$ cat query_12.txt   # compact mmCIF, C-alpha atoms and all ligand atoms
# COMPACT_ATOMS: atom_id res chain seq x y z
CA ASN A 1 -24.19 37.96 42.23
CA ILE A 2 -25.83 34.59 41.62
CA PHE A 3 -24.16 34.18 38.21
CA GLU A 4 -20.65 34.75 39.57
CA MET A 5 -21.38 32.54 42.58
CA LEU A 6 -22.60 29.59 40.52
CA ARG A 7 -19.86 30.09 37.92
CA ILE A 8 -17.35 29.60 40.75
CA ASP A 9 -19.18 26.57 42.13
CA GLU A 10 -19.82 24.88 38.76
CA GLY A 11 -16.85 25.83 36.60
CA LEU A 12 -17.04 25.98 32.81
CA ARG A 13 -16.48 23.03 30.47
CA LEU A 14 -17.34 23.11 26.77
CA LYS A 15 -17.46 19.32 26.22
CA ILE A 16 -19.79 16.81 27.87
CA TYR A 17 -18.45 15.83 31.29
CA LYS A 18 -19.77 13.96 34.32
CA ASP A 19 -20.95 15.81 37.41
CA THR A 20 -20.08 14.79 40.95
CA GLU A 21 -22.86 12.16 40.85
CA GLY A 22 -21.62 10.67 37.56
CA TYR A 23 -24.30 12.24 35.33
CA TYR A 24 -23.66 13.71 31.89
CA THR A 25 -23.42 17.51 32.11
CA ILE A 26 -22.03 20.39 30.03
CA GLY A 27 -21.22 24.06 30.32
CA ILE A 28 -21.72 25.72 33.70
CA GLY A 29 -23.27 22.71 35.42
CA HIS A 30 -26.06 22.05 32.91
CA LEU A 31 -27.38 18.55 33.60
CA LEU A 32 -28.12 16.70 30.36
CA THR A 33 -29.45 13.34 31.56
CA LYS A 34 -29.24 10.81 34.35
CA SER A 35 -29.22 8.03 31.74
CA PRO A 36 -25.94 6.12 31.35
CA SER A 37 -26.25 6.56 27.56
CA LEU A 38 -23.88 9.14 26.09
CA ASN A 39 -26.08 9.14 22.99
CA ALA A 40 -29.05 10.15 25.14
CA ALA A 41 -26.96 12.99 26.60
CA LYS A 42 -25.95 14.11 23.10
CA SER A 43 -29.59 14.20 22.01
CA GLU A 44 -30.50 16.31 25.03
CA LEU A 45 -27.63 18.66 24.19
CA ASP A 46 -28.69 19.09 20.57
CA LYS A 47 -32.28 19.76 21.67
CA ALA A 48 -31.09 22.33 24.23
CA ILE A 49 -28.81 24.22 21.81
CA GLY A 50 -30.84 23.86 18.61
CA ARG A 51 -28.10 22.34 16.44
CA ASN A 52 -26.10 19.14 16.04
CA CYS A 53 -23.32 19.70 18.59
CA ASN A 54 -21.46 16.37 18.74
CA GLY A 55 -21.07 16.90 22.51
CA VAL A 56 -19.29 20.28 22.24
CA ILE A 57 -20.60 23.84 22.68
CA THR A 58 -19.21 27.38 22.58
CA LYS A 59 -18.74 29.66 25.58
CA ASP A 60 -21.64 31.84 24.39
CA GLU A 61 -23.88 28.76 24.26
CA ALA A 62 -22.76 27.66 27.73
CA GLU A 63 -23.55 31.12 29.11
CA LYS A 64 -26.97 31.15 27.43
CA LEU A 65 -27.90 27.77 28.91
CA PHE A 66 -26.62 29.00 32.28
CA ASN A 67 -28.88 32.08 32.21
CA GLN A 68 -31.85 29.84 31.37
CA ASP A 69 -30.94 27.45 34.19
CA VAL A 70 -30.58 30.21 36.80
CA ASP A 71 -33.91 31.70 35.73
CA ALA A 72 -35.55 28.27 35.94
CA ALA A 73 -34.30 27.88 39.52
CA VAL A 74 -35.68 31.30 40.48
CA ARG A 75 -39.04 30.66 38.86
CA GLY A 76 -39.23 27.26 40.54
CA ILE A 77 -38.74 28.90 43.93
CA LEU A 78 -41.36 31.54 43.17
CA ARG A 79 -43.94 28.95 42.05
CA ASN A 80 -43.40 26.75 45.13
CA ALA A 81 -45.75 27.52 48.02
CA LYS A 82 -43.20 26.31 50.60
CA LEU A 83 -40.08 27.96 49.17
CA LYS A 84 -41.48 31.33 48.07
CA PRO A 85 -42.37 32.72 51.53
CA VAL A 86 -38.91 31.85 52.85
CA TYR A 87 -37.19 33.25 49.75
CA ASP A 88 -39.14 36.50 50.05
CA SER A 89 -38.05 36.81 53.71
CA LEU A 90 -34.34 36.72 52.79
CA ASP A 91 -31.95 39.52 51.89
CA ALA A 92 -30.39 39.52 48.42
CA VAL A 93 -27.16 37.72 49.37
CA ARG A 94 -29.00 34.91 51.13
CA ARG A 95 -31.41 34.69 48.18
CA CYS A 96 -28.36 33.79 46.09
CA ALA A 97 -27.58 30.92 48.47
CA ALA A 98 -31.20 29.75 48.06
CA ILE A 99 -30.98 29.81 44.26
CA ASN A 100 -27.64 28.00 44.43
CA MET A 101 -29.17 25.06 46.33
CA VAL A 102 -32.17 24.82 43.98
CA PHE A 103 -29.84 24.96 40.97
CA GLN A 104 -27.81 22.07 42.36
CA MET A 105 -30.60 19.83 43.72
CA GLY A 106 -33.88 21.04 42.23
CA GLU A 107 -37.14 21.50 44.12
CA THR A 108 -37.34 17.75 44.77
CA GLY A 109 -33.78 17.58 46.11
CA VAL A 110 -34.58 20.27 48.70
CA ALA A 111 -37.89 18.73 49.83
CA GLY A 112 -36.29 17.31 52.99
CA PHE A 113 -34.97 20.71 54.10
CA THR A 114 -38.26 21.68 55.81
CA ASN A 115 -36.61 22.29 59.19
CA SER A 116 -33.76 24.26 57.61
CA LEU A 117 -36.33 26.40 55.79
CA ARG A 118 -38.12 27.18 59.05
CA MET A 119 -34.86 28.20 60.73
CA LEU A 120 -33.98 30.42 57.76
CA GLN A 121 -37.41 32.08 57.84
CA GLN A 122 -36.91 32.65 61.59
CA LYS A 123 -33.48 34.19 60.83
CA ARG A 124 -31.80 31.73 63.21
CA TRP A 125 -28.71 31.69 61.08
CA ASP A 126 -26.30 29.62 63.19
CA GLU A 127 -28.97 27.01 63.87
CA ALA A 128 -29.88 26.89 60.19
CA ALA A 129 -26.22 26.43 59.29
CA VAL A 130 -25.89 23.49 61.69
CA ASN A 131 -29.07 21.92 60.32
CA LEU A 132 -28.10 22.42 56.66
CA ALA A 133 -24.88 20.46 57.19
CA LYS A 134 -26.78 17.40 58.44
CA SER A 135 -27.44 16.33 54.88
CA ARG A 136 -26.31 14.09 52.06
CA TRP A 137 -25.71 17.36 50.21
CA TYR A 138 -23.07 18.51 52.69
CA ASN A 139 -21.43 15.10 53.01
CA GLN A 140 -21.10 14.56 49.26
CA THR A 141 -20.05 18.12 48.25
CA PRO A 142 -18.72 19.57 51.51
CA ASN A 143 -16.59 22.42 50.19
CA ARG A 144 -19.38 23.79 48.01
CA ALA A 145 -21.98 23.22 50.74
CA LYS A 146 -19.73 24.98 53.26
CA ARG A 147 -19.56 28.04 50.97
CA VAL A 148 -23.34 28.10 50.54
CA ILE A 149 -23.90 27.55 54.27
CA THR A 150 -21.47 30.35 55.17
CA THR A 151 -23.44 32.61 52.83
CA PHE A 152 -26.67 31.74 54.69
CA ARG A 153 -24.94 32.07 58.07
CA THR A 154 -23.39 35.49 57.47
CA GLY A 155 -25.28 37.16 54.63
CA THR A 156 -21.89 38.07 53.14
CA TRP A 157 -19.81 36.92 50.19
CA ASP A 158 -16.89 36.02 52.48
CA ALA A 159 -16.77 32.37 51.41
CA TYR A 160 -16.46 33.36 47.72
CA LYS A 161 -13.89 36.11 48.26
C1 LIG B 201 -33.45 25.00 52.88
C2 LIG B 201 -32.51 25.37 51.74
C3 LIG B 201 -33.18 25.35 50.37
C4 LIG B 201 -32.83 26.60 49.57
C5 LIG B 201 -33.91 27.66 49.73
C6 LIG B 201 -33.94 28.48 50.84
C7 LIG B 201 -34.95 29.43 50.92
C8 LIG B 201 -35.89 29.51 49.91
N1 LIG B 201 -35.84 28.70 48.87
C9 LIG B 201 -34.88 27.79 48.76
$ encode --input "query_12.txt" --output "structure tokens"
Amino acid sequence: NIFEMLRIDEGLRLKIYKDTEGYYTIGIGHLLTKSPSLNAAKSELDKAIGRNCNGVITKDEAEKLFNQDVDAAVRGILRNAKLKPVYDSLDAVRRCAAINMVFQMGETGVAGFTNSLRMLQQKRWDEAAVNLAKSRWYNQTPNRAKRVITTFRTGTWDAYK
């Protein structure tokens, strides 16, 4: 399911870390800030958790933030007039791949995937897979992008098994 998929892709860390882009993050891939200030990241963390955390959270707190973040990705898709029709055309496994991309890049980070979205809506899976890989996303995180792309290409969990 989407939670297991993203837990594999994001890992779990209970202290503030830096993501693949160098940005302060915690938990299961919860972005805190793009600011270079660790203090700014710590403030965001305390606001998110509701207590003074000192840069450290519990597993329960990480899982709670993760549920909120997955839901936010889903609701962002459903509120977006370009993403929603494609999402609604997909089967459940491919919908997980869609959520995964929005979780990683946000609605703004996927804005350039217009042609990929059309190919997905047309169910041209091999063509969509080729197009999805022609991206900064694929070049910078190729193993994760390959897993997501294989999920779109096949509609199976083969890349995560
Ligand atoms: C083109 C890839 C972006 C992920 C996605 C796919 C379908 C619907 N919403 C989001």
$ residues_around --input "query_12.txt" --residues "stretch 68-72 of chain A" --least-positions-apart "6" --cutoff "9 Å" --atoms "only C-alpha atoms" --output "JSON, numbers by chain"
{"A": [2, 3, 6, 30, 99, 100, 103]}
$ residues_around --input "query_12.txt" --residues "stretch 106-117 of chain A" --least-positions-apart "6" --cutoff "7 Å" --atoms "all atoms listed in the file" --output "ChimeraX atom specification"
/A:86,128,131-132
$ residues_around --input "query_12.txt" --residues "residue A:140" --least-positions-apart "3" --cutoff "9 Å" --atoms "only C-alpha atoms" --output "list in words"
residues 20, 21, 135, 136, 137 and 145 of chain A
$ residues_near_point --input "query_12.txt" --point "(-22.8, 22.5, 28.5)" --cutoff "7 Å" --atoms "all atoms listed in the file" --output "PyMOL selection string"
chain A and resi 13-16+25-30+57+62
$ residues_around --input "query_12.txt" --residues "residue A:158" --least-positions-apart "6" --cutoff "9 Å" --atoms "all atoms listed in the file" --output "PDB file with C-alpha atoms, in the frame of the given file"
ATOM      1  CA  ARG A 147     -19.560  28.040  50.970  1.00  0.00           C
ATOM      2  CA  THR A 150     -21.470  30.350  55.170  1.00  0.00           C
ATOM      3  CA  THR A 151     -23.440  32.610  52.830  1.00  0.00           C
TER       4      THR A 151
END
$ residues_around --input "query_12.txt" --residues "residue A:87" --least-positions-apart "6" --cutoff "10 Å" --atoms "all atoms listed in the file" --output "JSON, numbers by chain"
{"A": [74, 77, 78, 94, 95, 96, 97, 98, 99, 117, 120, 121]}
$ atom_distance --input "query_12.txt" --atom1 "atom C7 of ligand LIG 201 (chain B)" --atom2 "atom CA of residue A:83"
5.6 Å
$ axis_aligned_box --input "query_12.txt" --around "ligand LIG 201 (chain B)" --padding-each-side "6 Å" --output "lines of an AutoDock Vina configuration file"
center_x = -34.2
center_y = 27.3
center_z = 50.8
size_x = 15.4
size_y = 16.5
size_z = 16.1
$ atom_distance --input "query_12.txt" --atom1 "atom CA of residue A:39" --atom2 "atom CA of residue A:73"
26.3 Å
